[PDB]
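Structure below is structure-v8.cif: mmCIF, N, CA and C atoms and all ligand atoms.
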data_coords
loop_
_atom_site.label_atom_id
_atom_site.label_comp_id
_atom_site.auth_asym_id
_atom_site.auth_seq_id
_atom_site.Cartn_x
_atom_site.Cartn_y
_atom_site.Cartn_z
N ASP A 104 0.84 -1.20 0.00
CA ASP A 104 0.00 0.00 0.00
C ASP A 104 0.87 1.25 0.00
N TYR A 105 1.78 1.33 -0.98
CA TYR A 105 2.69 2.46 -1.07
C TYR A 105 1.94 3.76 -1.33
N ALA A 106 0.86 3.70 -2.11
CA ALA A 106 0.14 4.92 -2.46
C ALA A 106 -0.53 5.54 -1.24
N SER A 107 -1.10 4.72 -0.36
CA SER A 107 -1.80 5.24 0.81
C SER A 107 -0.83 5.92 1.78
N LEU A 108 0.38 5.38 1.92
CA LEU A 108 1.36 5.96 2.82
C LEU A 108 1.92 7.27 2.27
N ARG A 109 2.22 7.30 0.97
CA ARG A 109 2.74 8.52 0.36
C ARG A 109 1.75 9.67 0.45
N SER A 110 0.45 9.36 0.41
CA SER A 110 -0.56 10.42 0.46
C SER A 110 -0.68 11.01 1.86
N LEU A 111 -0.72 10.16 2.90
CA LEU A 111 -0.94 10.67 4.25
C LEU A 111 0.25 11.47 4.74
N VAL A 112 1.47 11.04 4.40
CA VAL A 112 2.64 11.81 4.78
C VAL A 112 2.65 13.15 4.05
N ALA A 113 2.22 13.16 2.79
CA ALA A 113 2.16 14.41 2.04
C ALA A 113 1.12 15.35 2.63
N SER A 114 -0.04 14.82 3.02
CA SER A 114 -1.06 15.65 3.65
C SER A 114 -0.66 16.10 5.05
N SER A 115 0.33 15.43 5.66
CA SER A 115 0.74 15.81 7.01
C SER A 115 1.56 17.09 7.01
N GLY A 116 2.49 17.21 6.06
CA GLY A 116 3.34 18.39 5.98
C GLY A 116 4.40 18.50 7.04
N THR A 117 4.81 17.38 7.63
CA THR A 117 5.85 17.40 8.66
C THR A 117 6.53 16.05 8.70
N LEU A 118 7.85 16.04 8.50
CA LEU A 118 8.67 14.85 8.71
C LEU A 118 9.30 14.85 10.10
N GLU A 119 8.66 15.52 11.06
CA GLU A 119 9.21 15.65 12.40
C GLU A 119 9.22 14.29 13.09
N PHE A 120 10.40 13.86 13.53
CA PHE A 120 10.59 12.54 14.11
C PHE A 120 11.09 12.70 15.54
N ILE A 121 10.30 12.23 16.50
CA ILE A 121 10.65 12.30 17.91
C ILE A 121 11.13 10.92 18.34
N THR A 122 12.43 10.81 18.61
CA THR A 122 12.99 9.54 19.04
C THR A 122 12.56 9.22 20.46
N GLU A 123 12.24 7.95 20.70
CA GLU A 123 11.79 7.49 22.01
C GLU A 123 12.74 6.44 22.56
N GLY A 124 12.66 6.23 23.87
CA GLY A 124 13.53 5.29 24.55
C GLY A 124 13.01 3.86 24.55
N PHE A 125 13.26 3.14 23.46
CA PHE A 125 12.85 1.75 23.34
C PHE A 125 13.91 0.85 23.95
N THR A 126 13.47 -0.05 24.83
CA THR A 126 14.38 -0.95 25.54
C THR A 126 14.45 -2.27 24.79
N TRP A 127 15.49 -2.42 23.96
CA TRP A 127 15.70 -3.64 23.19
C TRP A 127 16.77 -4.46 23.90
N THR A 128 16.34 -5.35 24.79
CA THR A 128 17.24 -6.19 25.56
C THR A 128 17.43 -7.53 24.87
N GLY A 129 18.69 -7.93 24.70
CA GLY A 129 19.01 -9.21 24.10
C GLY A 129 19.16 -9.20 22.60
N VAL A 130 19.18 -8.02 21.97
CA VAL A 130 19.30 -7.92 20.52
C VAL A 130 20.26 -6.79 20.18
N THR A 131 21.02 -6.99 19.11
CA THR A 131 22.01 -6.00 18.68
C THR A 131 21.34 -4.90 17.87
N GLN A 132 21.59 -3.65 18.26
CA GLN A 132 20.97 -2.50 17.62
C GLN A 132 21.86 -1.95 16.50
N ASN A 133 21.25 -1.10 15.67
CA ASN A 133 21.95 -0.25 14.71
C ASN A 133 22.78 -1.08 13.72
N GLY A 134 22.08 -1.90 12.95
CA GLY A 134 22.73 -2.66 11.90
C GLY A 134 22.94 -1.83 10.65
N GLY A 135 24.00 -2.16 9.92
CA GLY A 135 24.34 -1.48 8.69
C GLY A 135 24.42 -2.45 7.52
N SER A 136 24.51 -1.89 6.32
CA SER A 136 24.56 -2.68 5.10
C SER A 136 25.49 -2.01 4.10
N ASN A 137 25.87 -2.77 3.08
CA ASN A 137 26.80 -2.27 2.06
C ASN A 137 26.12 -1.24 1.16
N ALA A 138 24.91 -1.54 0.70
CA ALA A 138 24.22 -0.65 -0.23
C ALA A 138 23.90 0.70 0.40
N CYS A 139 23.83 0.78 1.72
CA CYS A 139 23.45 2.02 2.41
C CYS A 139 24.68 2.69 3.01
N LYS A 140 25.64 3.02 2.15
CA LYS A 140 26.86 3.67 2.60
C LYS A 140 26.57 5.13 2.94
N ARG A 141 26.75 5.48 4.21
CA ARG A 141 26.52 6.83 4.70
C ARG A 141 27.81 7.35 5.32
N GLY A 142 28.37 8.40 4.73
CA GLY A 142 29.61 8.95 5.20
C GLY A 142 30.79 8.07 4.84
N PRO A 143 31.54 7.63 5.85
CA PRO A 143 32.72 6.79 5.58
C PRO A 143 32.36 5.39 5.13
N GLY A 144 31.63 4.65 5.98
CA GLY A 144 31.32 3.27 5.69
C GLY A 144 29.84 2.95 5.66
N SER A 145 29.47 1.81 6.23
CA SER A 145 28.09 1.35 6.19
C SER A 145 27.19 2.24 7.04
N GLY A 146 25.94 2.36 6.62
CA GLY A 146 24.97 3.17 7.32
C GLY A 146 23.62 2.49 7.49
N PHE A 147 22.62 3.25 7.92
CA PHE A 147 21.32 2.71 8.26
C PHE A 147 20.24 3.72 7.89
N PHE A 148 19.00 3.24 7.82
CA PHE A 148 17.86 4.14 7.73
C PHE A 148 17.85 5.04 8.96
N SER A 149 17.83 6.36 8.73
CA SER A 149 18.03 7.30 9.83
C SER A 149 16.93 7.20 10.88
N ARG A 150 15.73 6.79 10.49
CA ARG A 150 14.60 6.70 11.40
C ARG A 150 14.21 5.25 11.70
N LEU A 151 15.05 4.29 11.34
CA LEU A 151 14.77 2.88 11.57
C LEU A 151 15.93 2.23 12.31
N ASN A 152 15.61 1.28 13.17
CA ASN A 152 16.59 0.56 13.98
C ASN A 152 16.51 -0.92 13.65
N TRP A 153 17.60 -1.46 13.11
CA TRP A 153 17.66 -2.86 12.71
C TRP A 153 18.13 -3.69 13.90
N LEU A 154 17.33 -4.67 14.30
CA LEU A 154 17.64 -5.54 15.42
C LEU A 154 18.13 -6.89 14.90
N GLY B 360 -60.25 64.64 -11.11
CA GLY B 360 -59.27 64.66 -10.04
C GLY B 360 -58.04 63.83 -10.34
N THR B 361 -57.59 63.05 -9.36
CA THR B 361 -56.42 62.20 -9.50
C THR B 361 -56.73 60.82 -8.94
N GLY B 362 -56.47 59.78 -9.73
CA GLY B 362 -56.77 58.43 -9.32
C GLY B 362 -55.64 57.48 -9.68
N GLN B 363 -55.75 56.26 -9.14
CA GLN B 363 -54.75 55.22 -9.34
C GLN B 363 -55.45 53.88 -9.44
N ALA B 364 -55.01 53.05 -10.39
CA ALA B 364 -55.57 51.73 -10.59
C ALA B 364 -54.52 50.82 -11.21
N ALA B 365 -54.53 49.56 -10.81
CA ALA B 365 -53.58 48.57 -11.29
C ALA B 365 -54.19 47.74 -12.42
N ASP B 366 -53.33 47.25 -13.30
CA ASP B 366 -53.74 46.41 -14.42
C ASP B 366 -53.57 44.95 -14.02
N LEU B 367 -54.67 44.20 -14.02
CA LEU B 367 -54.63 42.82 -13.54
C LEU B 367 -53.93 41.90 -14.53
N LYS B 368 -54.19 42.08 -15.83
CA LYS B 368 -53.67 41.14 -16.82
C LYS B 368 -52.15 41.23 -16.94
N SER B 369 -51.60 42.44 -16.91
CA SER B 369 -50.15 42.59 -16.99
C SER B 369 -49.47 42.04 -15.73
N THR B 370 -50.07 42.27 -14.56
CA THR B 370 -49.52 41.72 -13.33
C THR B 370 -49.65 40.20 -13.31
N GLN B 371 -50.79 39.68 -13.75
CA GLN B 371 -50.98 38.23 -13.80
C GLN B 371 -50.01 37.57 -14.77
N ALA B 372 -49.75 38.23 -15.91
CA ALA B 372 -48.81 37.67 -16.88
C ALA B 372 -47.42 37.54 -16.30
N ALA B 373 -47.00 38.51 -15.48
CA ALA B 373 -45.70 38.43 -14.84
C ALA B 373 -45.68 37.35 -13.77
N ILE B 374 -46.77 37.23 -13.01
CA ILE B 374 -46.84 36.23 -11.95
C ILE B 374 -46.89 34.83 -12.55
N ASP B 375 -47.58 34.66 -13.68
CA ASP B 375 -47.63 33.36 -14.34
C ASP B 375 -46.25 32.93 -14.80
N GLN B 376 -45.41 33.88 -15.21
CA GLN B 376 -44.05 33.55 -15.63
C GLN B 376 -43.18 33.16 -14.44
N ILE B 377 -43.26 33.92 -13.35
CA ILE B 377 -42.41 33.66 -12.20
C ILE B 377 -42.85 32.38 -11.49
N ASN B 378 -44.16 32.17 -11.34
CA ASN B 378 -44.63 30.92 -10.76
C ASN B 378 -44.22 29.72 -11.61
N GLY B 379 -44.08 29.92 -12.92
CA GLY B 379 -43.65 28.83 -13.77
C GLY B 379 -42.22 28.42 -13.50
N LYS B 380 -41.33 29.40 -13.33
CA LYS B 380 -39.94 29.07 -13.03
C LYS B 380 -39.74 28.71 -11.57
N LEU B 381 -40.58 29.24 -10.67
CA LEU B 381 -40.53 28.80 -9.28
C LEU B 381 -40.85 27.32 -9.17
N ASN B 382 -41.76 26.83 -10.01
CA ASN B 382 -41.99 25.39 -10.09
C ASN B 382 -40.80 24.68 -10.70
N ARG B 383 -40.15 25.31 -11.68
CA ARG B 383 -39.03 24.67 -12.36
C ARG B 383 -37.82 24.49 -11.45
N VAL B 384 -37.72 25.29 -10.39
CA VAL B 384 -36.52 25.26 -9.56
C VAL B 384 -36.66 24.33 -8.35
N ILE B 385 -37.88 24.14 -7.84
CA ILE B 385 -38.09 23.30 -6.66
C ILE B 385 -38.67 21.94 -7.04
N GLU B 386 -38.77 21.63 -8.33
CA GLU B 386 -39.43 20.41 -8.75
C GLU B 386 -38.54 19.19 -8.50
N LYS B 387 -39.20 18.05 -8.26
CA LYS B 387 -38.61 16.73 -8.03
C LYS B 387 -37.18 16.77 -7.49
N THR B 388 -37.05 16.83 -6.17
CA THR B 388 -35.74 16.75 -5.54
C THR B 388 -35.25 15.31 -5.57
N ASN B 389 -33.95 15.13 -5.84
CA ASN B 389 -33.40 13.79 -5.93
C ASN B 389 -33.57 13.04 -4.62
N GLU B 390 -33.74 11.72 -4.73
CA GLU B 390 -33.95 10.85 -3.57
C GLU B 390 -32.80 9.86 -3.52
N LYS B 391 -31.92 10.02 -2.53
CA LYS B 391 -30.75 9.17 -2.37
C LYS B 391 -30.81 8.48 -1.01
N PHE B 392 -30.47 7.19 -1.00
CA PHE B 392 -30.54 6.40 0.22
C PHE B 392 -29.13 5.95 0.57
N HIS B 393 -28.76 4.70 0.33
CA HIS B 393 -27.44 4.21 0.71
C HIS B 393 -26.40 4.76 -0.25
N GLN B 394 -25.59 5.70 0.22
CA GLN B 394 -24.55 6.35 -0.56
C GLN B 394 -23.19 5.90 -0.04
N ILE B 395 -22.19 6.76 -0.15
CA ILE B 395 -20.87 6.49 0.38
C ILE B 395 -20.70 7.21 1.71
N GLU B 396 -19.66 6.84 2.45
CA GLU B 396 -19.31 7.56 3.66
C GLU B 396 -18.52 8.81 3.30
N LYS B 397 -18.88 9.94 3.91
CA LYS B 397 -18.25 11.21 3.61
C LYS B 397 -17.42 11.78 4.75
N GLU B 398 -17.78 11.49 5.99
CA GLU B 398 -16.94 11.81 7.14
C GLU B 398 -16.26 10.54 7.63
N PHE B 399 -14.97 10.65 7.92
CA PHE B 399 -14.17 9.49 8.27
C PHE B 399 -13.57 9.65 9.67
N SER B 400 -13.21 8.51 10.26
CA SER B 400 -12.67 8.48 11.61
C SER B 400 -11.15 8.49 11.62
N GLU B 401 -10.51 7.60 10.86
CA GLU B 401 -9.06 7.51 10.82
C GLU B 401 -8.59 7.50 9.37
N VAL B 402 -7.27 7.59 9.21
CA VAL B 402 -6.67 7.68 7.88
C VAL B 402 -6.78 6.33 7.18
N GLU B 403 -7.06 6.36 5.88
CA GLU B 403 -7.18 5.13 5.09
C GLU B 403 -6.37 5.22 3.81
N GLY B 404 -6.23 6.43 3.26
CA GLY B 404 -5.36 6.63 2.12
C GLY B 404 -6.06 6.67 0.77
N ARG B 405 -5.75 5.69 -0.08
CA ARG B 405 -6.17 5.74 -1.48
C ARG B 405 -7.68 5.81 -1.61
N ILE B 406 -8.39 4.86 -0.99
CA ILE B 406 -9.84 4.83 -1.12
C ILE B 406 -10.46 6.03 -0.43
N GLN B 407 -9.94 6.40 0.75
CA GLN B 407 -10.50 7.53 1.49
C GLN B 407 -10.31 8.84 0.73
N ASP B 408 -9.12 9.06 0.17
CA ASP B 408 -8.88 10.28 -0.60
C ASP B 408 -9.81 10.38 -1.80
N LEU B 409 -10.17 9.24 -2.39
CA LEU B 409 -11.09 9.26 -3.53
C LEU B 409 -12.53 9.47 -3.07
N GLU B 410 -12.92 8.86 -1.94
CA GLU B 410 -14.25 9.10 -1.41
C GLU B 410 -14.44 10.57 -1.04
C1 LIG A 501 13.84 16.27 14.73
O1 LIG A 501 12.70 16.24 15.68
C2 LIG A 501 12.66 17.20 16.76
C3 LIG A 501 12.26 18.53 16.15
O2 LIG A 501 11.19 19.12 16.86
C4 LIG A 501 13.98 17.25 17.52
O3 LIG A 501 13.73 17.01 18.90
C5 LIG A 501 14.94 16.20 16.97
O4 LIG A 501 16.18 16.28 17.66
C6 LIG A 501 15.15 16.44 15.49
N1 LIG A 501 16.18 15.55 14.97
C7 LIG A 501 16.82 15.78 13.82
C8 LIG A 501 17.85 14.76 13.43
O5 LIG A 501 16.59 16.76 13.12
#
Mind turning this structure into C-alpha cells?
Ligand SMILES: *[C@@H]1O[C@H](CO)[C@@H](O)[C@H](O)[C@H]1NC(C)=O
Amino acid sequence: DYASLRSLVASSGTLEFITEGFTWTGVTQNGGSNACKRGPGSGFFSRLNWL
Amino acid sequence: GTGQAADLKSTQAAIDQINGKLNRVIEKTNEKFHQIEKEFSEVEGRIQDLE
C-alpha cells in the first residue's frame, strides 16, 4: 500500500521525528549494510533501527 | 381629479411567468438512500482520498 502511505505523509506536511527510549534487551541495535553507505562506511535508515 | 388603478392582466402575466420558473426550480428533488461515507474516523489513504 505504497500509495496510501505517500498520500498521508504528504497531507501531514511534517517529517518531524521524535525519538523514544525503546528498551531492546538481548538484541544487537543499529545494523548497517553495504548498499546504504553513509559517510565513511556502512549506514542505516536514519529513522529505523535494525535488530 | 387624481386616481390610481392597477392592471390585472399585466400583473398576472408576470406572476404566471415567475410561478412557472418557481416550479421549475423546486421540482422533483433527488432521492438518495445508501450512498458512500463522507466523514471518516481515521486515515485510510487511497480509497478515502477518492471518497
Ligand atoms: C527532529 O525532531 C525534533 C524537532 O522538533 C527534535 O527534537 C529532533 O532532535 C530532530 N532531529 C533531527 C535529526 O533533526
Find the distance between atom N of residue 151 of chain A and atom N of residue 111 of chain A and write it in Å to one decimal.
18.8 Å
Would you write out, as a Markdown table, a table of all residues in chain A that have an atom no more than 6.5 Å from an atom of ligand LIG 501 (chain A), listing for each the closest atom pair and the distance in Å to one decimal, considering only N, CA and C atoms and all ligand atoms and ordering rows by chain and rising residue number?
| residue | atom | partner | partner_atom | distance |
| --- | --- | --- | --- | --- |
| A:119 | C | A:LIG501 | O1 | 4.8 |
| A:120 | C | A:LIG501 | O1 | 3.9 |
| A:121 | N | A:LIG501 | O1 | 4.7 |
| A:122 | N | A:LIG501 | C5 | 6.2 |
Take every atom of segment 389-392 of chain B listed in the file, fit an axis-aligned box around them, add 3 Å per side, and give the centre and edge lengths in Å to one decimal as lines of an AutoDock Vina configuration file.
center_x = -31.5
center_y = 10.5
center_z = -2.7
size_x = 10.8
size_y = 15.2
size_z = 12.5
Could you build a table of the residues in chain A lying no more than 9 Å from chain B, giving for each the nearest pair of atoms and their separation in Å rounded to one decimal place, using only C-alpha atoms, ordered by chain and ascending residue number, as JSON lines?
{"residue": "A:104", "atom": "CA", "partner": "B:405", "partner_atom": "CA", "distance": 8.6}
{"residue": "A:106", "atom": "CA", "partner": "B:405", "partner_atom": "CA", "distance": 6.4}
{"residue": "A:107", "atom": "CA", "partner": "B:404", "partner_atom": "CA", "distance": 4.0}
{"residue": "A:108", "atom": "CA", "partner": "B:404", "partner_atom": "CA", "distance": 6.8}
{"residue": "A:109", "atom": "CA", "partner": "B:404", "partner_atom": "CA", "distance": 8.5}
{"residue": "A:110", "atom": "CA", "partner": "B:404", "partner_atom": "CA", "distance": 6.3}
{"residue": "A:111", "atom": "CA", "partner": "B:404", "partner_atom": "CA", "distance": 6.4}
Now that the selection is made, can you save its residues with N, CA and C atoms as a tab-separated table (two decimals), in the coordinates of the input?
chain	number	residue	atom	x	y	z
A	104	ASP	N	0.84	-1.20	0.00
A	104	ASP	CA	0.00	0.00	0.00
A	104	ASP	C	0.87	1.25	0.00
A	106	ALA	N	0.86	3.70	-2.11
A	106	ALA	CA	0.14	4.92	-2.46
A	106	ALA	C	-0.53	5.54	-1.24
A	107	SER	N	-1.10	4.72	-0.36
A	107	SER	CA	-1.80	5.24	0.81
A	107	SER	C	-0.83	5.92	1.78
A	108	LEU	N	0.38	5.38	1.92
A	108	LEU	CA	1.36	5.96	2.82
A	108	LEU	C	1.92	7.27	2.27
A	109	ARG	N	2.22	7.30	0.97
A	109	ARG	CA	2.74	8.52	0.36
A	109	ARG	C	1.75	9.67	0.45
A	110	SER	N	0.45	9.36	0.41
A	110	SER	CA	-0.56	10.42	0.46
A	110	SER	C	-0.68	11.01	1.86
A	111	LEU	N	-0.72	10.16	2.90
A	111	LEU	CA	-0.94	10.67	4.25
A	111	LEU	C	0.25	11.47	4.74
From a backbone DSSP assignment, name each residue in chain B labelled helix (DSSP H, G or I), as a ChimeraX atom specification.
/B:367-385,405-409
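Taking atom CA of residue 386 of chain B and atom CA of residue 370 of chain B as the two end points, the separation is 24.0 Å.
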Any idea what's packed within 6 Å of segment 127-133 of chain A, counting only N, CA and C atoms, ignoring anything in its chain fewer than 6 positions away? Could you give it as a PyMOL selection string?
chain A and resi 152-154
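Atom pair atom CA of residue 115 of chain A / atom C of residue 394 of chain B has a distance of 26.8 Å (rounded to one decimal).
Secondary structure from DSSP on the backbone puts strand (DSSP E or B) at the following positions of segment 112-154 of chain A: residues 136, 137, 138, 139, 140, 141, 144, 145 and 146 of chain A.
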